[PDB]
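Here's the structure we're looking at; comments come further down.
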Amino acid sequence: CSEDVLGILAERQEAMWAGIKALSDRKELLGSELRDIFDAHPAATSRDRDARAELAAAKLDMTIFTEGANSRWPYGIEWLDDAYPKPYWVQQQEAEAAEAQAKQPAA
Amino acid sequence: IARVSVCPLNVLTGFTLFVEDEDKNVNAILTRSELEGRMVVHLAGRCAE
Amino acid sequence: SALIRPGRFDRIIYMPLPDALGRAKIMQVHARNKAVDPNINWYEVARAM
Amino acid sequence: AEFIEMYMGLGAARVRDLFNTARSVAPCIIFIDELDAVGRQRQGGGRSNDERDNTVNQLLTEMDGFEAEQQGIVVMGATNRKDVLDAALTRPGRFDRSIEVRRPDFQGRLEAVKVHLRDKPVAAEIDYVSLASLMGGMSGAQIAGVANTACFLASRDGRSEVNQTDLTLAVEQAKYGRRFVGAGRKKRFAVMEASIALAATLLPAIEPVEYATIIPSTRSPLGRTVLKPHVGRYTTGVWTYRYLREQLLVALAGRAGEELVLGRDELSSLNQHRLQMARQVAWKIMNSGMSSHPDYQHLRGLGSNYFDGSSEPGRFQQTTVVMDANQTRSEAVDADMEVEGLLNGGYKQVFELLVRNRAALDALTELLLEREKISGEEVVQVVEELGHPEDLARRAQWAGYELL
Amino acid sequence: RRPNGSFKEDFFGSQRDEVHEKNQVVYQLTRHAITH
Amino acid sequence: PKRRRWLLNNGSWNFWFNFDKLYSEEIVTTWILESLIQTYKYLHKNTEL
Amino acid sequence: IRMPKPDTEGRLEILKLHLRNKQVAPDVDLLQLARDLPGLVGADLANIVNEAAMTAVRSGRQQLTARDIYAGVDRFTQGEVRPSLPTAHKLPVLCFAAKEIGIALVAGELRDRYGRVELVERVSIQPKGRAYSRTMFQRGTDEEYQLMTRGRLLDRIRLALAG
Amino acid sequence: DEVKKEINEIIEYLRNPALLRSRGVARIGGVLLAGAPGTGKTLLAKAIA
């Protein structure tokens with residue numbers, strides 16, 4: 001959700017500055033005036049270098065731990081097999097995956 | 001800075017009195033630069049000692 | 001919720017807290033009777049309060 | 001309530017004058033209503049316990065007292081619960097006989113339905129056994145109320161008396177009560193109750209359906225499907241393991257059908273309580289020694305069981321304590337992994353089920369939308385004429401078995 | 001001492017307050033903890 | 001109510017945090033021993049007294 | 001006989017009564033207004049109306065305008081007016097106005113993509129009560145608030161982050 | 001600023017009641033003074049009195 005919002009806001013910079021400039025003067029606005037102000041400044045039709053740089057800076061570095069290859073027993077935790085004995089269902093998963101992938105060449 | 005002092009009321013600490021403006025961030029705003037500057041100023045005493 | 005109905009108490013007016021100049025004036029007058037050095041820059045003292 | 005007074009020392013005065021008049025006009029019968037609100041057990045408590053207690057003391061010295069008797073006068077009292085009153089009152093010698101007044105039984109309702117219309121106009125086409133078996137569970141005052149309501153609806157209709165058909169509506173609205181529901185929120189109700197009905201009808205270990213409705217009542221904010229109670233399990237407690245698996249499927253069928261019909265981004269918050277119910281089932285399966293973990297399978301529960309009495313004589317509530325002294329820190333992970341496998345594999349299974357039977361699902365929801373309430377035979381007929389062949393075969397294979 | 005709590009919107013869900021006043025309380029609380 | 005902060009049971013027994021007990025215990029022990037030893041060394045040369 | 005607070009209709013009727021003698025512009029919508037005050041009981045509406053009326057009569061006019069009824073709602077929903085934001089430095093008003101315009105712009109962009117978001121109604125950076133800024137929305141029919149679907153909660157999350 | 005541009009009204013009403021009693025503005029039956037603790041609103045009151 002954060003990436004979606006930051007991608008919305010870093011396209012309508014002109015409209016946001018028009019709105020801030022308008023609101024600083026009158027300290028009050030109605031949704032219709034706001035709507036027409038935003039309409040006066042439609043988004044860019046294409047992306048130049050500066051727009052690409054802004055859009056690229058509209059990403060995050062938030063780490064998501066259980067992503068992709070980390071969807072299985074260690075879950076990307078490194079100290080886990082020195083703190084906890086391997087559960088039984090983890091062993092069953094590993095067994096079935098081992099035999100399936102050993103059937104991969106023979107299939 | 002308004003007044004730097006040492007040993008107020010004979011306690012074993014200093015006391016620096018800071019004048020600040022209530023109309024740059026109206027009792028509500030904290031930016032990142034300000035917080036990092038505060039951190040540096042609060043470690044400076046130990047580091048100089 | 002009773003004494004607020006129209007006619008009884010219909011207008012509320014807000015008194016803010018003073019500012020640098022307000023505090024300066026406030027402390028200037030409460031000192032007319034006390035013994036005070038004449039060369040007091042009351043504004044500066046109100047800036048740090 | 002006449003003995004409830006916050007002045008100093010008039011409760012005993014009222015008891016004394018009542019008993020003196022009763023002794024003067026002996027023989028007698030002294031009936032005291034609201035006994036449960038004065039004769040509760042004496043305690044330290046607040047300052048009322050200085051006088052409210054004193055009052056009761058007077059009583060304890062009139063029915064038994066000194067003087068060894070007055071006449072043998074009979075005293076009776078109206079209370080709702082005998083356990084709330086203190087041991088000094090209800091002991092033998094002050095209350096020898098203790099009799100009970102329950103709700104009307106089948107015979108009681110059979111004769112109270114007619115005895116309440118002896119002084120009421122009514123027609124000839126009535127079978128009192130139908131209403132005697134049709135409104136079981138109400139109090140006698142409620143039977144008087146439903147008779148009053150049928151008579152008043154006749155008044156508002158212009159006729160003086162009522163036939164069967166309208167007093168049946170009166171009793172049914174005295175049960176489920178009589179709000180506007182939009183047309184977009186109504187199809188959600190229809191779809192989820194239709195999916196529950198289709199599941200409960202196609203799984204062989206679940207009881208047949210009784211009726212399905214989408215009209216919200218005063219207390220439940222959505223529709224309801226009701227199953228026919230199997231007296232076997234309810235009297236003995238033999239709930240097998242097959243039944244618990246099917247009951248998991250039936251708990252998730254609502255959300256399965258909602259997401260199947262209305263697309264995934266329309267999942268609503270109408271299955272919050274069905275998700276809590278499915279969690280209950282899945283954790284009971286583990287706590288009952290039914291897991292497939294070898295360290296747990298036919299050997300253990302989850303922890304240590306302690307029971308504690310509920311608000312009734314024969315009711316108990318269970319509690320499990322799980323600590324480091326019975327769960328080893330990698331059996332916790334296994335318990336979570338297994339319960340979650342149950343929950344999510346059950347969702348997938350019921351989802352593919354409802355997929356294979358789309359035609360019956362849509363027929364049921366159209367019918368529910370057009371009739372607003374249906375009976376189990378209609379559901380059975382639709383499912384039988386429209387369902388998948390393999391599901392109907394699986395259903396007919398286990399048709400006759402008494403208990404599964 | 002004559003007698004804030006977040007345990008009410010966590011477990012009981014009251015939320016009897018406009019979002020603006022809550023946001024203002026958060027701003028002032030952070031600034032007061034850190035700079036006073 | 002189980003304990004959830006297991007971190008190590010392979011060459012020691014550790015739980016989350018506790019990354020400061022070895023250091024503190026070494027300090028306490030060495031300081032007490034050094035004090036006792038200096039007391040002993042002083043009294044060792046004043047036995048007739 | 002137990003009767004609690006009135007519904008949207010109970011409210012519309014009351015403000016129709018108290019505003020029958022007075023006059024209002026054609027644009028001022030009494031339906032949307034009576035829909036945006038859920039929780040008031042009868043006389044609070046009278047206070048709203050009379051405060052809007054005294055604001056309008058101090059305004060040198062007599063016809064109630066949208067701004068006037070809006071001022072009345074705010075003197076009770078929010079609170080009394082307070083001194084404006086300092087303009088000696090750019091920081092305060094820039095920050096608060098950017099908050100407001102970000103909420104409003106993101107709401108407008110979401111509503112034009114899925115349709116579930118409300119309409120933004122009023123944007124103000126005038127201190128009033130205990131807040132300093134406000135982005136107000138048009139509330140919908142209560143039928144819309146009996147459920148909480150998935151997309152609607154995603155939109156709530158995005159609007160919470162946007163400011 | 002705004003509080004005074006409003007209390008000119010109570011000034012005029014306390015000057016001569018008959019002028020604005022029936023002029024169209026309802027009777028000023030009560031005013032509320034809001035502020036911080038110890039703001040000294042009473043002072044301002046005196047001014048109008």
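Starting from 1 in every chain, residues are counted up; chains themselves are A, B, ... following the order of the structure tokens, and ligands are numbered from 1 as listed.
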
- Output the contact residues of chain A with respect to chain G at a cut-off of 12 Å, based on only C-alpha atoms, as a ChimeraX atom specification. /A:1-39,41-43

- region 6-8 of chain H surroundings by only C-alpha atoms, 12 Å radius, close-in-sequence under 5 positions cut, as a PyMOL selection string: (chain C and resi 11-14) or (chain G and resi 54-55+58-59+81) or (chain H and resi 1+13-15+28+31-33+44-45+47-48)

DSSP says helix (DSSP H, G or I) for which residues of region 345-404 of chain D? Put them as a PDB file with N, CA and C atoms, in the first residue's frame?
```
ATOM      1  N   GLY D 345      -6.443 -26.666   3.960  1.00  0.00           N
ATOM      2  CA  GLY D 345      -6.836 -27.757   3.093  1.00  0.00           C
ATOM      3  C   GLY D 345      -8.334 -27.963   3.079  1.00  0.00           C
ATOM      4  N   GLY D 346      -9.001 -27.698   4.204  1.00  0.00           N
ATOM      5  CA  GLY D 346     -10.447 -27.791   4.217  1.00  0.00           C
ATOM      6  C   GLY D 346     -11.091 -26.721   3.368  1.00  0.00           C
ATOM      7  N   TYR D 347     -10.565 -25.500   3.433  1.00  0.00           N
ATOM      8  CA  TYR D 347     -11.056 -24.462   2.535  1.00  0.00           C
ATOM      9  C   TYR D 347     -10.913 -24.884   1.079  1.00  0.00           C
ATOM     10  N   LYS D 348      -9.724 -25.346   0.686  1.00  0.00           N
ATOM     11  CA  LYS D 348      -9.532 -25.754  -0.702  1.00  0.00           C
ATOM     12  C   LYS D 348     -10.489 -26.866  -1.105  1.00  0.00           C
ATOM     13  N   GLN D 349     -10.695 -27.844  -0.226  1.00  0.00           N
ATOM     14  CA  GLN D 349     -11.550 -28.973  -0.570  1.00  0.00           C
ATOM     15  C   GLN D 349     -12.991 -28.532  -0.780  1.00  0.00           C
ATOM     16  N   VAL D 350     -13.524 -27.737   0.147  1.00  0.00           N
ATOM     17  CA  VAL D 350     -14.902 -27.296  -0.017  1.00  0.00           C
ATOM     18  C   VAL D 350     -15.031 -26.369  -1.217  1.00  0.00           C
ATOM     19  N   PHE D 351     -13.972 -25.627  -1.550  1.00  0.00           N
ATOM     20  CA  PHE D 351     -14.024 -24.733  -2.702  1.00  0.00           C
ATOM     21  C   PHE D 351     -14.134 -25.519  -3.998  1.00  0.00           C
ATOM     22  N   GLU D 352     -13.304 -26.546  -4.158  1.00  0.00           N
ATOM     23  CA  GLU D 352     -13.401 -27.356  -5.365  1.00  0.00           C
ATOM     24  C   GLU D 352     -14.722 -28.108  -5.417  1.00  0.00           C
ATOM     25  N   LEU D 353     -15.255 -28.486  -4.253  1.00  0.00           N
ATOM     26  CA  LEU D 353     -16.594 -29.068  -4.215  1.00  0.00           C
ATOM     27  C   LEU D 353     -17.620 -28.117  -4.811  1.00  0.00           C
ATOM     28  N   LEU D 354     -17.718 -26.907  -4.256  1.00  0.00           N
ATOM     29  CA  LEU D 354     -18.691 -25.939  -4.755  1.00  0.00           C
ATOM     30  C   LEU D 354     -18.443 -25.579  -6.211  1.00  0.00           C
ATOM     31  N   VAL D 355     -17.204 -25.693  -6.683  1.00  0.00           N
ATOM     32  CA  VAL D 355     -16.947 -25.450  -8.098  1.00  0.00           C
ATOM     33  C   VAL D 355     -17.603 -26.527  -8.945  1.00  0.00           C
ATOM     34  N   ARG D 356     -17.426 -27.794  -8.565  1.00  0.00           N
ATOM     35  CA  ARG D 356     -18.007 -28.869  -9.364  1.00  0.00           C
ATOM     36  C   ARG D 356     -19.530 -28.810  -9.427  1.00  0.00           C
ATOM     37  N   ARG D 358     -21.719 -25.896  -9.625  1.00  0.00           N
ATOM     38  CA  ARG D 358     -22.102 -24.496  -9.773  1.00  0.00           C
ATOM     39  C   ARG D 358     -23.586 -24.348 -10.092  1.00  0.00           C
ATOM     40  N   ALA D 359     -24.117 -25.227 -10.946  1.00  0.00           N
ATOM     41  CA  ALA D 359     -25.506 -25.115 -11.375  1.00  0.00           C
ATOM     42  C   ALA D 359     -26.464 -25.195 -10.194  1.00  0.00           C
ATOM     43  N   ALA D 360     -26.266 -26.180  -9.317  1.00  0.00           N
ATOM     44  CA  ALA D 360     -27.127 -26.300  -8.148  1.00  0.00           C
ATOM     45  C   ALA D 360     -27.014 -25.087  -7.244  1.00  0.00           C
ATOM     46  N   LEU D 361     -25.808 -24.542  -7.099  1.00  0.00           N
ATOM     47  CA  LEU D 361     -25.617 -23.374  -6.251  1.00  0.00           C
ATOM     48  C   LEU D 361     -26.422 -22.191  -6.766  1.00  0.00           C
ATOM     49  N   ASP D 362     -26.335 -21.920  -8.068  1.00  0.00           N
ATOM     50  CA  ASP D 362     -27.059 -20.769  -8.590  1.00  0.00           C
ATOM     51  C   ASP D 362     -28.564 -20.995  -8.568  1.00  0.00           C
ATOM     52  N   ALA D 363     -29.021 -22.219  -8.833  1.00  0.00           N
ATOM     53  CA  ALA D 363     -30.450 -22.491  -8.727  1.00  0.00           C
ATOM     54  C   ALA D 363     -30.950 -22.230  -7.312  1.00  0.00           C
ATOM     55  N   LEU D 364     -30.204 -22.700  -6.312  1.00  0.00           N
ATOM     56  CA  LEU D 364     -30.602 -22.477  -4.928  1.00  0.00           C
ATOM     57  C   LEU D 364     -30.641 -20.997  -4.590  1.00  0.00           C
ATOM     58  N   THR D 365     -29.651 -20.223  -5.037  1.00  0.00           N
ATOM     59  CA  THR D 365     -29.663 -18.821  -4.635  1.00  0.00           C
ATOM     60  C   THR D 365     -30.763 -18.042  -5.344  1.00  0.00           C
ATOM     61  N   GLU D 366     -31.059 -18.368  -6.602  1.00  0.00           N
ATOM     62  CA  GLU D 366     -32.203 -17.744  -7.259  1.00  0.00           C
ATOM     63  C   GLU D 366     -33.495 -18.070  -6.525  1.00  0.00           C
ATOM     64  N   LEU D 367     -33.671 -19.338  -6.147  1.00  0.00           N
ATOM     65  CA  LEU D 367     -34.878 -19.734  -5.433  1.00  0.00           C
ATOM     66  C   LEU D 367     -34.991 -19.020  -4.092  1.00  0.00           C
ATOM     67  N   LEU D 368     -33.881 -18.907  -3.366  1.00  0.00           N
ATOM     68  CA  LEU D 368     -33.902 -18.226  -2.078  1.00  0.00           C
ATOM     69  C   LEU D 368     -34.224 -16.752  -2.242  1.00  0.00           C
ATOM     70  N   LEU D 369     -33.663 -16.113  -3.269  1.00  0.00           N
ATOM     71  CA  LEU D 369     -33.965 -14.710  -3.521  1.00  0.00           C
ATOM     72  C   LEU D 369     -35.432 -14.507  -3.859  1.00  0.00           C
ATOM     73  N   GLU D 370     -36.045 -15.464  -4.552  1.00  0.00           N
ATOM     74  CA  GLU D 370     -37.434 -15.279  -4.949  1.00  0.00           C
ATOM     75  C   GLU D 370     -38.440 -15.717  -3.890  1.00  0.00           C
ATOM     76  N   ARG D 371     -38.046 -16.543  -2.918  1.00  0.00           N
ATOM     77  CA  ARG D 371     -38.993 -17.008  -1.905  1.00  0.00           C
ATOM     78  C   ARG D 371     -38.682 -16.546  -0.493  1.00  0.00           C
ATOM     79  N   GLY D 376     -36.359 -27.921   3.657  1.00  0.00           N
ATOM     80  CA  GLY D 376     -35.305 -28.848   3.286  1.00  0.00           C
ATOM     81  C   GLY D 376     -35.613 -29.703   2.076  1.00  0.00           C
ATOM     82  N   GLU D 377     -36.889 -29.984   1.830  1.00  0.00           N
ATOM     83  CA  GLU D 377     -37.233 -30.845   0.704  1.00  0.00           C
ATOM     84  C   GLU D 377     -36.976 -30.147  -0.622  1.00  0.00           C
ATOM     85  N   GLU D 378     -37.183 -28.831  -0.676  1.00  0.00           N
ATOM     86  CA  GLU D 378     -36.890 -28.087  -1.896  1.00  0.00           C
ATOM     87  C   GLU D 378     -35.404 -28.121  -2.216  1.00  0.00           C
ATOM     88  N   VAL D 379     -34.562 -27.866  -1.212  1.00  0.00           N
ATOM     89  CA  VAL D 379     -33.119 -27.975  -1.390  1.00  0.00           C
ATOM     90  C   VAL D 379     -32.747 -29.369  -1.866  1.00  0.00           C
ATOM     91  N   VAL D 380     -33.328 -30.395  -1.243  1.00  0.00           N
ATOM     92  CA  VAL D 380     -32.981 -31.762  -1.615  1.00  0.00           C
ATOM     93  C   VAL D 380     -33.361 -32.031  -3.063  1.00  0.00           C
ATOM     94  N   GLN D 381     -34.539 -31.568  -3.481  1.00  0.00           N
ATOM     95  CA  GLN D 381     -34.986 -31.802  -4.849  1.00  0.00           C
ATOM     96  C   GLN D 381     -34.076 -31.107  -5.855  1.00  0.00           C
ATOM     97  N   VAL D 382     -33.740 -29.844  -5.591  1.00  0.00           N
ATOM     98  CA  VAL D 382     -32.856 -29.106  -6.488  1.00  0.00           C
ATOM     99  C   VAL D 382     -31.510 -29.809  -6.606  1.00  0.00           C
ATOM    100  N   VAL D 383     -30.887 -30.114  -5.467  1.00  0.00           N
ATOM    101  CA  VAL D 383     -29.572 -30.744  -5.486  1.00  0.00           C
ATOM    102  C   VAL D 383     -29.628 -32.097  -6.180  1.00  0.00           C
ATOM    103  N   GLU D 384     -30.731 -32.826  -6.017  1.00  0.00           N
ATOM    104  CA  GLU D 384     -30.827 -34.153  -6.612  1.00  0.00           C
ATOM    105  C   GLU D 384     -30.984 -34.068  -8.122  1.00  0.00           C
ATOM    106  N   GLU D 385     -31.686 -33.048  -8.608  1.00  0.00           N
ATOM    107  CA  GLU D 385     -31.877 -32.957 -10.049  1.00  0.00           C
ATOM    108  C   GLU D 385     -30.762 -32.198 -10.756  1.00  0.00           C
ATOM    109  N   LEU D 386     -29.901 -31.489 -10.028  1.00  0.00           N
ATOM    110  CA  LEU D 386     -28.896 -30.649 -10.666  1.00  0.00           C
ATOM    111  C   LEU D 386     -27.454 -30.980 -10.303  1.00  0.00           C
ATOM    112  N   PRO D 389     -22.688 -35.878 -10.796  1.00  0.00           N
ATOM    113  CA  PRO D 389     -22.977 -37.310 -10.617  1.00  0.00           C
ATOM    114  C   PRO D 389     -22.140 -37.973  -9.540  1.00  0.00           C
ATOM    115  N   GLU D 390     -20.848 -37.653  -9.451  1.00  0.00           N
ATOM    116  CA  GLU D 390     -19.987 -38.310  -8.472  1.00  0.00           C
ATOM    117  C   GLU D 390     -20.384 -37.937  -7.052  1.00  0.00           C
ATOM    118  N   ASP D 391     -20.752 -36.679  -6.836  1.00  0.00           N
ATOM    119  CA  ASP D 391     -21.200 -36.272  -5.514  1.00  0.00           C
ATOM    120  C   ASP D 391     -22.511 -36.939  -5.138  1.00  0.00           C
ATOM    121  N   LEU D 392     -23.421 -37.110  -6.096  1.00  0.00           N
ATOM    122  CA  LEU D 392     -24.672 -37.792  -5.793  1.00  0.00           C
ATOM    123  C   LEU D 392     -24.435 -39.268  -5.509  1.00  0.00           C
ATOM    124  N   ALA D 393     -23.475 -39.879  -6.202  1.00  0.00           N
ATOM    125  CA  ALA D 393     -23.128 -41.263  -5.902  1.00  0.00           C
ATOM    126  C   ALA D 393     -22.555 -41.393  -4.498  1.00  0.00           C
ATOM    127  N   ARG D 394     -21.594 -40.536  -4.154  1.00  0.00           N
ATOM    128  CA  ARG D 394     -21.023 -40.545  -2.812  1.00  0.00           C
ATOM    129  C   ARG D 394     -22.093 -40.292  -1.758  1.00  0.00           C
ATOM    130  N   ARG D 395     -23.074 -39.448  -2.074  1.00  0.00           N
ATOM    131  CA  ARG D 395     -24.150 -39.172  -1.133  1.00  0.00           C
ATOM    132  C   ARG D 395     -25.088 -40.354  -0.964  1.00  0.00           C
ATOM    133  N   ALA D 396     -25.403 -41.062  -2.044  1.00  0.00           N
ATOM    134  CA  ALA D 396     -26.324 -42.184  -1.961  1.00  0.00           C
ATOM    135  C   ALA D 396     -25.672 -43.435  -1.400  1.00  0.00           C
ATOM    136  N   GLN D 397     -24.345 -43.529  -1.449  1.00  0.00           N
ATOM    137  CA  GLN D 397     -23.678 -44.697  -0.886  1.00  0.00           C
ATOM    138  C   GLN D 397     -23.866 -44.771   0.623  1.00  0.00           C
TER     139      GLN D 397
END
```

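Proximity ranking of C:20, C:37, C:29, C:7 relative to chain B places C:20 first, based on only C-alpha atoms.
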
Interface rows for chain E against chain B: nearest pair, Å to one decimal, 7 Å, only C-alpha atoms, as a Markdown table:
```
| residue | atom | partner | partner_atom | distance |
| --- | --- | --- | --- | --- |
| E:27 | CA | B:28 | CA | 5.3 |
| E:28 | CA | B:28 | CA | 5.1 |
| E:31 | CA | B:28 | CA | 6.1 |
```

- Message: Which residues are near residue 268 (chain D)? Cut-off 7 Å, only C-alpha atoms, ignore same chain within fewer than 4 positions. Put them as a ChimeraX atom specification.
- Response: /G:147-150

I need the residues from that last selection saved to file as a PDB file, in the first residue's frame (with C-alpha atoms), if you can.
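Written out: part.pdb:
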```pdb
ATOM      1  CA  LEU G 147     -20.198  -4.272   5.718  1.00  0.00           C
ATOM      2  CA  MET G 148     -16.470  -3.921   5.247  1.00  0.00           C
ATOM      3  CA  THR G 149     -15.278  -5.595   2.075  1.00  0.00           C
ATOM      4  CA  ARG G 150     -11.678  -6.188   1.134  1.00  0.00           C
TER       5      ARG G 150
END
```

Region 4-7 of chain B surroundings by only C-alpha atoms, 12 Å radius, close-in-sequence under 3 positions cut, as a PDB file with N, CA and C atoms, in the first residue's frame:
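Produced file around.pdb, reproduced below:
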```pdb
ATOM      1  N   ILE B   1      21.872  29.609  22.529  1.00  0.00           N
ATOM      2  CA  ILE B   1      22.346  29.461  23.897  1.00  0.00           C
ATOM      3  C   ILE B   1      22.116  30.771  24.624  1.00  0.00           C
ATOM      4  N   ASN B  10      24.985  23.128  43.606  1.00  0.00           N
ATOM      5  CA  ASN B  10      26.078  22.264  44.029  1.00  0.00           C
ATOM      6  C   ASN B  10      25.990  20.852  43.471  1.00  0.00           C
ATOM      7  N   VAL B  11      24.963  20.517  42.688  1.00  0.00           N
ATOM      8  CA  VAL B  11      24.918  19.199  42.071  1.00  0.00           C
ATOM      9  C   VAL B  11      26.089  19.051  41.110  1.00  0.00           C
ATOM     10  N   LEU B  12      26.437  17.809  40.800  1.00  0.00           N
ATOM     11  CA  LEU B  12      27.589  17.522  39.949  1.00  0.00           C
ATOM     12  C   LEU B  12      27.184  17.339  38.493  1.00  0.00           C
ATOM     13  N   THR B  13      26.548  18.359  37.928  1.00  0.00           N
ATOM     14  CA  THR B  13      26.209  18.391  36.514  1.00  0.00           C
ATOM     15  C   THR B  13      26.195  19.845  36.068  1.00  0.00           C
ATOM     16  N   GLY B  14      26.270  20.056  34.759  1.00  0.00           N
ATOM     17  CA  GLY B  14      26.146  21.376  34.191  1.00  0.00           C
ATOM     18  C   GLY B  14      24.700  21.722  33.909  1.00  0.00           C
ATOM     19  N   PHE B  15      24.510  22.864  33.262  1.00  0.00           N
ATOM     20  CA  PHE B  15      23.173  23.278  32.860  1.00  0.00           C
ATOM     21  C   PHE B  15      23.298  24.334  31.780  1.00  0.00           C
ATOM     22  N   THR B  16      22.848  24.016  30.576  1.00  0.00           N
ATOM     23  CA  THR B  16      22.829  24.951  29.467  1.00  0.00           C
ATOM     24  C   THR B  16      21.392  25.336  29.170  1.00  0.00           C
ATOM     25  N   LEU B  17      21.120  26.631  29.159  1.00  0.00           N
ATOM     26  CA  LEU B  17      19.775  27.151  28.969  1.00  0.00           C
ATOM     27  C   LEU B  17      19.621  27.559  27.514  1.00  0.00           C
ATOM     28  N   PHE B  18      18.575  27.065  26.867  1.00  0.00           N
ATOM     29  CA  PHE B  18      18.397  27.200  25.426  1.00  0.00           C
ATOM     30  C   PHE B  18      17.169  28.055  25.158  1.00  0.00           C
ATOM     31  N   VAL B  19      17.350  29.132  24.409  1.00  0.00           N
ATOM     32  CA  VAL B  19      16.225  29.886  23.879  1.00  0.00           C
ATOM     33  C   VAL B  19      15.831  29.305  22.528  1.00  0.00           C
TER      34      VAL B  19
END
```
